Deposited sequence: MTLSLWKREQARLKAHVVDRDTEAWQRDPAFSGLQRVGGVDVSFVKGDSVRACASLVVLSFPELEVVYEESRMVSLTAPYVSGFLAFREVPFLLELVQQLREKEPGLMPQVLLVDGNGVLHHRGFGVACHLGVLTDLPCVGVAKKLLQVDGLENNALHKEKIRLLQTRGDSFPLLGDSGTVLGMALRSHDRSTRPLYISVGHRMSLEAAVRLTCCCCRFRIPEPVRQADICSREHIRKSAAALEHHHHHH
């Protein structure tokens, strides 16, 4: 069973704030936003992997902080509980930065994965967000099939309606609640991004921010985190 994980997960889920809490979020151009973070864990198997934390200036989107660590994810792989394998390394990644170079601390994290759009309403973005007490956004490349959501023909039809970079349609679960937003992040891309609330940010602002960070199809902090992880996995493979 997973009674401990389920309990910890519900306990933390109750902490989730799905509204804007920071002044810069309430500004139409994110005035007062200076640092956006990006995190990524990428696999070699499902055990040895790389965890990367990146911090970018905003709105310039230049790398001002970068850190990658090879790690062993030996915790059980159970669907709906993946955060429990990855978050302690990401958290440790958010804790050294705060203790060592807190001036480079990101005001928000962009996470490759999901937020409330999740099997148990508490993806890695929520987990990390709550555990760090940082505003946090889930930016997934695939649609997680929860609450009746699925990438069928209808969904793709909705994707076709997305015309411009910044166009979006709501991901409406069967429970009547909006779980996230499909976002067209570039004029020339085809597949949308899937945005959901992690912590301390409204869905609307999460989408707008993700778009603001998209120099290319993938939001720059997430992209750079992936680049770092990739480089370290290649370097390790040597």
- [ ] Where the model has no C-alpha, note the corresponding stretch of the deposited sequence, numbering from 1.
- [x] 1, 46-47, 242-250
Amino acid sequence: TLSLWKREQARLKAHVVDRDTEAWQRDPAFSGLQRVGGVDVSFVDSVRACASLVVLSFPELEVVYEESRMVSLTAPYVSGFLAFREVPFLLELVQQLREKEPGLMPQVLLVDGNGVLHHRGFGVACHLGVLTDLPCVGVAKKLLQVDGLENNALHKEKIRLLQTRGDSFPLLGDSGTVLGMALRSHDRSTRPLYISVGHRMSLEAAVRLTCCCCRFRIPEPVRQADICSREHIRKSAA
From here on, numbers count along this sequence of modelled residues.
TODO: Would you determine, from the values in the PDB entry, which of 122-130 and 87-95 has the greater average C-alpha temperature factor?
DONE: 87-95
Open item on the list: Mean CA temperature factor from the deposited coordinates, higher in 68-76 or in 107-115?
Closed with: 68-76
Open item on the list: Looking at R191, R35, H186, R200, which one carries the largest C-alpha B-factor according to the PDB entry?
Closed with: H186
Task: Residue with highest C-alpha B-factor in the PDB entry, from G166, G138, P135, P102 - done: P102
Open item on the list: Splitting the chain's C-alpha B-factors into thirds, which one does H15 fall into?
Closed with: lowest
Open item on the list: Can you tell me whether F30 has a C-alpha B-factor in the lowest, middle or highest third compared with the other modelled residues of the same chain?
Closed with: middle
- [ ] Rank-wise, by C-alpha B-factor, drop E60 into the lowest, middle or highest third of its chain.
- [x] lowest
- [ ] Please rank the C-alpha B-factors of the chain's modelled residues and tell me whether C213 sits in the lowest, middle or highest third.
- [x] lowest
TODO: For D40, return the chain-relative third of its C-alpha B-factor as stated in the PDB record: lowest, middle or highest.
DONE: middle
